[PDB]
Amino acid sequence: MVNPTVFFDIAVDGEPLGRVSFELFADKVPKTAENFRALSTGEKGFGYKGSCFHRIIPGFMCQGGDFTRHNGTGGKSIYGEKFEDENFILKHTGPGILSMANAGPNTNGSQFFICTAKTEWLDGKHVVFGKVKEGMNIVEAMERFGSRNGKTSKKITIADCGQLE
(Lines of atoms letter the chains of each structure in order from A and count residues from 1; the text may use other names and numbers.)
(Lines give C-alpha, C1' and ligand atoms only; values in the text may rest on other atoms or scores of the structure.)
Protein backbone atom coordinates (compact mmCIF):
# COMPACT_ATOMS: atom_id res chain seq x y z
CA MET A 1 0.00 0.00 0.00
CA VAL A 2 2.92 2.32 -0.85
CA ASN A 3 3.75 3.96 -4.16
CA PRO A 4 7.00 2.68 -5.69
CA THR A 5 10.08 4.89 -5.75
CA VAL A 6 12.33 4.31 -8.73
CA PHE A 7 15.69 6.01 -9.52
CA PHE A 8 17.74 6.86 -12.56
CA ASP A 9 21.48 7.68 -12.31
CA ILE A 10 22.14 10.14 -15.17
CA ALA A 11 25.54 10.45 -16.99
CA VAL A 12 26.55 13.02 -19.60
CA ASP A 13 29.10 11.51 -22.03
CA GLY A 14 29.88 8.74 -19.60
CA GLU A 15 30.47 11.23 -16.72
CA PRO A 16 28.05 10.69 -13.80
CA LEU A 17 25.81 13.67 -13.09
CA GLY A 18 23.58 12.41 -10.25
CA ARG A 19 20.44 10.64 -9.13
CA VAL A 20 16.82 11.54 -9.84
CA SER A 21 14.22 9.74 -7.71
CA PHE A 22 10.61 9.35 -8.88
CA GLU A 23 7.39 8.61 -7.11
CA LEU A 24 5.05 6.51 -9.29
CA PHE A 25 1.31 6.95 -8.72
CA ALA A 26 0.43 3.20 -8.73
CA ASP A 27 -2.59 4.13 -6.65
CA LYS A 28 -3.99 6.19 -9.58
CA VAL A 29 -2.55 4.58 -12.69
CA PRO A 30 -1.46 1.06 -11.54
CA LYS A 31 -0.80 -0.38 -15.01
CA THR A 32 1.23 2.67 -16.36
CA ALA A 33 3.20 2.84 -13.09
CA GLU A 34 3.93 -0.95 -13.19
CA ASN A 35 5.22 -0.72 -16.79
CA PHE A 36 7.67 2.06 -15.80
CA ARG A 37 8.69 0.22 -12.56
CA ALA A 38 9.40 -3.12 -14.33
CA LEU A 39 11.33 -1.34 -17.19
CA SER A 40 13.41 0.37 -14.50
CA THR A 41 14.36 -2.95 -12.79
CA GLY A 42 14.96 -4.71 -16.17
CA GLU A 43 13.21 -7.80 -14.70
CA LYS A 44 11.47 -8.85 -17.96
CA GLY A 45 14.84 -9.08 -19.74
CA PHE A 46 14.71 -5.54 -21.23
CA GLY A 47 14.49 -1.90 -19.93
CA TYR A 48 15.82 1.57 -19.43
CA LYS A 49 19.43 0.93 -18.25
CA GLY A 50 21.99 2.11 -20.84
CA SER A 51 19.32 4.10 -22.85
CA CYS A 52 19.26 7.86 -23.53
CA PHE A 53 17.30 11.08 -23.38
CA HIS A 54 16.90 11.64 -27.09
CA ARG A 55 14.97 14.93 -27.05
CA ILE A 56 15.40 17.79 -24.52
CA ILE A 57 13.79 21.21 -24.95
CA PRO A 58 14.74 23.78 -22.16
CA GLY A 59 11.65 25.24 -20.39
CA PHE A 60 9.49 22.41 -21.76
CA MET A 61 10.59 18.78 -21.06
CA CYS A 62 13.20 15.95 -21.27
CA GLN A 63 12.06 12.89 -23.33
CA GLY A 64 13.52 9.31 -23.06
CA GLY A 65 12.58 5.62 -22.92
CA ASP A 66 13.40 4.47 -26.50
CA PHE A 67 15.55 1.45 -25.51
CA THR A 68 15.20 -0.34 -28.89
CA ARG A 69 15.85 2.33 -31.56
CA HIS A 70 17.18 5.20 -29.33
CA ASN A 71 15.69 7.88 -31.52
CA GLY A 72 12.01 8.25 -30.77
CA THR A 73 10.71 5.40 -32.97
CA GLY A 74 11.00 2.32 -30.72
CA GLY A 75 10.50 0.95 -27.24
CA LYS A 76 7.68 -1.36 -26.03
CA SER A 77 5.72 -1.98 -22.90
CA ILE A 78 5.94 -5.01 -20.55
CA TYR A 79 2.46 -5.85 -21.90
CA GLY A 80 3.30 -6.15 -25.62
CA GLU A 81 4.30 -3.33 -28.02
CA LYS A 82 1.62 -0.80 -26.88
CA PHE A 83 -1.13 -0.39 -24.29
CA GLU A 84 -4.17 1.77 -23.60
CA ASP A 85 -4.44 5.23 -22.07
CA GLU A 86 -5.32 4.14 -18.59
CA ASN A 87 -6.92 7.43 -17.47
CA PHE A 88 -6.29 11.20 -17.45
CA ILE A 89 -7.04 11.93 -13.77
CA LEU A 90 -3.75 13.83 -13.25
CA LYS A 91 -2.66 16.96 -15.10
CA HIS A 92 0.59 18.59 -16.14
CA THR A 93 0.58 21.11 -13.34
CA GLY A 94 4.23 22.21 -13.06
CA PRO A 95 7.94 21.18 -13.07
CA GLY A 96 8.70 17.56 -12.10
CA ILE A 97 5.63 15.81 -13.68
CA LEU A 98 6.37 12.43 -15.26
CA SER A 99 4.14 11.59 -18.18
CA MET A 100 3.88 9.16 -21.14
CA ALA A 101 4.84 10.03 -24.65
CA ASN A 102 2.72 8.36 -27.45
CA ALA A 103 1.73 8.37 -31.10
CA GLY A 104 -1.93 9.16 -30.47
CA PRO A 105 -4.76 7.51 -28.41
CA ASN A 106 -3.91 4.11 -26.78
CA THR A 107 -0.30 3.86 -28.00
CA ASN A 108 1.73 3.80 -24.78
CA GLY A 109 5.02 1.81 -24.97
CA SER A 110 8.05 2.91 -22.88
CA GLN A 111 8.81 6.50 -23.95
CA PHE A 112 8.20 9.16 -21.27
CA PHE A 113 8.93 12.77 -20.47
CA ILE A 114 9.79 14.79 -17.43
CA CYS A 115 8.14 18.21 -17.46
CA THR A 116 10.18 21.29 -16.68
CA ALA A 117 7.14 23.66 -16.63
CA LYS A 118 3.34 23.53 -16.44
CA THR A 119 2.27 22.13 -19.85
CA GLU A 120 -1.53 22.31 -19.54
CA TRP A 121 -2.00 21.77 -23.31
CA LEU A 122 -1.00 18.12 -22.87
CA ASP A 123 -3.83 17.36 -20.38
CA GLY A 124 -6.28 14.73 -21.53
CA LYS A 125 -3.78 13.64 -24.20
CA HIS A 126 -0.78 12.21 -22.24
CA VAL A 127 -1.15 10.02 -19.10
CA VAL A 128 0.59 11.61 -16.04
CA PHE A 129 1.76 8.79 -13.75
CA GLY A 130 4.57 10.04 -11.48
CA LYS A 131 6.61 12.95 -10.22
CA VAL A 132 10.24 13.82 -9.41
CA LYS A 133 10.67 13.19 -5.70
CA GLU A 134 14.40 14.07 -5.31
CA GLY A 135 17.03 15.41 -7.69
CA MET A 136 14.98 18.06 -9.66
CA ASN A 137 18.31 19.90 -9.71
CA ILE A 138 19.78 17.03 -11.84
CA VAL A 139 16.86 17.53 -14.37
CA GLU A 140 17.65 21.27 -14.45
CA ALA A 141 21.30 20.47 -15.18
CA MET A 142 20.10 18.08 -17.98
CA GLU A 143 18.15 20.82 -19.74
CA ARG A 144 21.28 22.80 -20.31
CA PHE A 145 22.36 20.26 -23.03
CA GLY A 146 19.04 20.56 -24.88
CA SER A 147 17.94 22.92 -27.63
CA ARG A 148 14.82 24.58 -29.02
CA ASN A 149 14.66 21.75 -31.57
CA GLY A 150 15.23 18.87 -29.11
CA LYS A 151 18.75 17.85 -30.15
CA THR A 152 21.10 17.39 -27.20
CA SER A 153 24.75 18.67 -27.35
CA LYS A 154 25.93 15.82 -25.12
CA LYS A 155 24.78 12.14 -24.79
CA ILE A 156 22.54 12.02 -21.75
CA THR A 157 22.28 8.42 -20.52
CA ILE A 158 20.52 6.41 -17.82
CA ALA A 159 23.66 4.71 -16.48
CA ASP A 160 21.77 2.63 -13.93
CA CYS A 161 18.22 2.51 -12.61
CA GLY A 162 16.20 0.35 -10.29
CA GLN A 163 13.72 0.47 -7.54
CA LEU A 164 14.42 1.98 -4.12
CA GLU A 165 11.06 1.10 -2.58
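The numbering used is simple: start at 1 and walk along the sequence shown.
Q: For the higher mean C-alpha B factor in the entry, choose 61-69 or 33-41.
A: Looking at the recorded C-alpha B-factors, 61-69 comes out higher on average.
Q: With respect to the recorded C-alpha B factors, which stretch has the higher mean value, 91-99 or 71-79?
A: It is 71-79 that shows the higher mean C-alpha B-factor.
Q: Highest recorded C-alpha temperature factor, please, choosing from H126, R55, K49, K118.
A: Answer for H126, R55, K49, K118: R55, with the highest C-alpha B-factor.
Q: Considering every modelled residue of the chain and its Cα B-factor in the PDB entry, is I158 in the lowest, middle or highest third?
A: Middle third - that is where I158 ends up once the chain's C-alpha B-factors are sorted.
Q: Using only modelled residues of the chain, where does the Cα B factor of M136 rank: lowest third, middle third or highest third?
A: Its C-alpha B-factor belongs to the middle third of this chain's values.
Q: Looking at the entry's B-factor column for C-alpha atoms only, identify whether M142 ranks in the lowest, middle or highest third of its chain.
A: Its C-alpha B-factor belongs to the highest third of this chain's values.
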